[PDB]
Structure formats: C-alpha cells, structure tokens
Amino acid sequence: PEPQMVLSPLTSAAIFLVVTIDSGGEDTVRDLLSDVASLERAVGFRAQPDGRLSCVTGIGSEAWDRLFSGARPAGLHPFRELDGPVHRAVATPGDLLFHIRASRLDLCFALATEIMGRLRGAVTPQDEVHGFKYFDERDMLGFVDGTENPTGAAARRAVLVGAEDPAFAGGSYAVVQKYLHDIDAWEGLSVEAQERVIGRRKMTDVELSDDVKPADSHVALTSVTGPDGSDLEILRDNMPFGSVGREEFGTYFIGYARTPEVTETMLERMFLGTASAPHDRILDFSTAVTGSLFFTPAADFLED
C-alpha cells in the first residue's frame, strides 16, 4: 500500500484547511477525494524540483460514517475534550483536513484554490491557517521545533498503520490543535526560565541533563515509554502563524501516529498532569482554540 506524503521533506510554508461537509455534499466530496492526487501533480509538477508540494487528506470519525459503508479504521473516534484542573483541550468540529506543504506559500495557495473550487457548495470552512517557519527552524517561542522527530525506518514504524489493522495499512492518524501564545508573559521570563519550561537549551538546542530537567517541562511530559521500554514516538510538523495588528502569535500543532493512543496519552499528561507534575508548563503560555482528529488513508484507498 502506497501512503500519502505524511513523511515529507522539510518545508518552510503550509496551509491547513479544516472544513465540515454540508447536508447533501457527500457525492461532491467523494469525487474530489478521488482526484486530489492528480490535482497535487498538476499544480506541483511544473515547479519541481524546488516546490516540494504535497497534500495530506484526512477524514473525521462522524464524516467517515456519512461517506463510506463497510469497515472503519480501528482507532477512529472524535477528538476527546480534556478538562484539566487549570487548562482545557477543546474539541471543535471538522470533517475533512487538507495539510498542504511546500517551499513557498504560492504553491500551497494554488492547490488550496483548486480543492476549494471543486467543493464549493458542498462544505463549510471551519479554519484556514497559513504557516511559515522561521529560517532556523524556530517557533514563535524562539526554540528550535522538530529536533527529536523520528526519521527513516523509525518514522515509518511510528506513523504508518500496519498488520494490526490490515485493511487500512499505510494510513495514519492526525491530531491538530491551533494554539495562541501569550508572548508578553513569555518574554518576561529569563532565558534560563524558558529553558526549564521547554526542557532544552535555547540557543544550542541541547537537551537538559536528567538531573536538571524539571518533571513539568514539555520534553519530560511528552516523553513516553512503552511496555518493553521503547520510546513511543510521533511525527510533528508544527508551524508558526499570526497577525501583528491583532496581536495573534500562534503555533499550529499537527502530530501523526500509527494509533491515536500515543498522542492522546501525551495530551493527557500535558493537560491533566501526573503525580509528579501539575501540568505542562508550556500551557501557562499557550491556549488551545481548536482540537480535531482525522484518519489519513493510504493513497490507493482514495484513488478508488
């Protein structure tokens, strides 16, 4: 089975499009899904090899039942709201995700235009975010973002559905959350205090030693070990976005994994806390305003 381009090369621009399917829009949606790979080639081919254009398409739990009969992916369910003592992860509506990436925003925009052109009248937009990465892979908090992502074979094993759900092998599960940051509060911390929040050095991106790293730092809470002592990993492609005039400074979080359990365990640790940590300290500077879960099928499933 041929996967979608979940494992993409590094890209400096992205568009995230989340829509809901209107009553009676099902047929139009199914037609577009069968064409989205051809649209990706049409927009991208003439800008190769620098364009690096890809589109990953996902389908929500409620939408799946409206579009398809027969088997469901084993782990597909609606995003679960988490109501912590201090911080909340909200659930927001979304039936379809288009995660569009390239080396330039114009290519993302051209593909997004063709997709939405085909769906007009059949869907309602819920969210549209145009992301850009800083030139040294830093996010809006000023930390390098992506460093511990798995690569090569380890990435395939962490991200792609396999023999545990063989009809849907080559798929993946995506969790998205849009975060807005309190930059005034963040810039009031010393650099060393910021390092204790994240769990890595700011300028050099070296992980703090185990003797200094706080238990409520972001890296400590999002490190999870499996039954056998292996690291359970996800693949992230977080993107900054925002608007200077409205004072909106954001991180758009997207995490891919072979089962949603990994990502959801990380989120529970962050928002509900553990015995040793009240919550993830990154959340004292970051508010989640969307939350959705999608299954991203193998490419050949869509081509039918």
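One rule holds for the numbers: they count along the sequence shown, beginning at 1.
Stretches 158 to 166 and 81 to 89 differ in mean CA B factor, with 158 to 166 having the higher one. Checked against the record, the higher mean CA B factor of 111 to 119 and 69 to 77 lies with 69 to 77. Between the residues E195, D95, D145, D210, it is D210 that shows the highest Cα B-factor in the PDB record.
Comparing C-alpha B-factors across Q177, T225, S217, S172 in the deposited entry, the largest value falls on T225. Per-chain ranking of the deposited C-alpha B factor places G250 in the middle third. Ranked within its chain, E264 lands in the lowest third, by CA B factor from the PDB record. When the CA B factors of the chain's modelled residues are split into thirds, the value for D205 lands in the lowest one.
For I21, the recorded CA temperature factor ranks within the middle third of the chain's modelled residues.
The PDB entry assigns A63 a C-alpha temperature factor belonging to the middle third of its chain's modelled residues.
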